[PDB]
Every structure is written in structure tokens, then in C-alpha cells.
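Please read the structure below before turning to the comments.
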2 protein chains.
Amino acid sequence: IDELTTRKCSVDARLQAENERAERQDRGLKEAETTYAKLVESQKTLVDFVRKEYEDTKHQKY
Amino acid sequence: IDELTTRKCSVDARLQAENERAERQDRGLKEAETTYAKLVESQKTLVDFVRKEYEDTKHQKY
């Protein structure tokens, strides 16, 4: 029981920290998902913003 | 953990059953060992009386 308690204490400590790892991963993607979401909205809008400038630049010269 | 704990509890309960079994043997032994001491002392006493009885039988003859 004590020998398995050492396994029990080890597995409990690592999993209770693994739950911390799991939530640390959750906050890890939270920024990653947000930043990717922040980029894709910014990426698409700024590209067409350039096209908008590009269109008028083409319009003025063509 | 749970499978090994109930193994510990079961053997502890069974050991208590084994504990009294030797206690019954011990308490019975003490009564039996002491009782035979009186019997063998009486056994030697009676054969001593028989030894005296053999002397007594021929003493009346004399």
C-alpha cells in the first residue's frame, strides 16, 4: 500500500499538475486562437484595403 | 489502490480469526498441561500406594 502510495502520490501530483498543464495549454491556445483570429480579420481587411488603394491607383492610371 | 486495500483489510480480518485460534490452543494448552501435572503426580502417588498395598498384603500374612 505504501509502495503503491508512492505511485499514488506520484500519479496524483503529476496529474493535478497535468490539469495545470491542461489549463496552461488552454490559455496557450486562447492567445493563439485569438491572435490567429486577430490576424485573419486584420490580414483579410488590410489586403483588401491595399486592393482598395490598388484599385484607385489603377483607376487613376487606367 | 482499491484492490490492494481490500486485500489488506480481508487478511487483517482473517488474521484476527487465526489469532483467536492459537489463543484457544494456548488457553487450552495451559489448562491441559497443568491438569496432566496433577494426574502424573497422582499417578505416582497411586502406584506408590499400590507399592505399599503389595507390602500391606504380605504384612498381614506375616
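So you can find residues: chains in the C-alpha cells are A, B, ... in the order shown, residues in each start at 1, and ligands are numbered from 1 in order.
The two copies, chain A and chain B, share one sequence, and their C-alpha RMSD after a least-squares fit comes to 1.5 Å.
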task: Would you kindly report the residues of chain B within 8 Å of chain A, using only C-alpha atoms, as a list in words?
output: residues 1, 4 and 5 of chain B
Dump of N, CA and C atoms for the selected residues, as a short mmCIF file (atom, residue, chain, number, x, y, z; two decimals), in the first residue's frame:
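out_16.cif, freshly written:
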data_model
loop_
_atom_site.label_atom_id
_atom_site.label_comp_id
_atom_site.auth_asym_id
_atom_site.auth_seq_id
_atom_site.Cartn_x
_atom_site.Cartn_y
_atom_site.Cartn_z
N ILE B 1 -4.95 0.72 -6.13
CA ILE B 1 -5.01 1.12 -4.73
C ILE B 1 -6.19 0.45 -4.04
N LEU B 4 -5.85 -3.38 -3.72
CA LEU B 4 -4.85 -3.78 -2.75
C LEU B 4 -5.27 -3.46 -1.32
N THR B 5 -6.06 -2.40 -1.12
CA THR B 5 -6.53 -2.06 0.22
C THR B 5 -7.46 -3.14 0.77
#
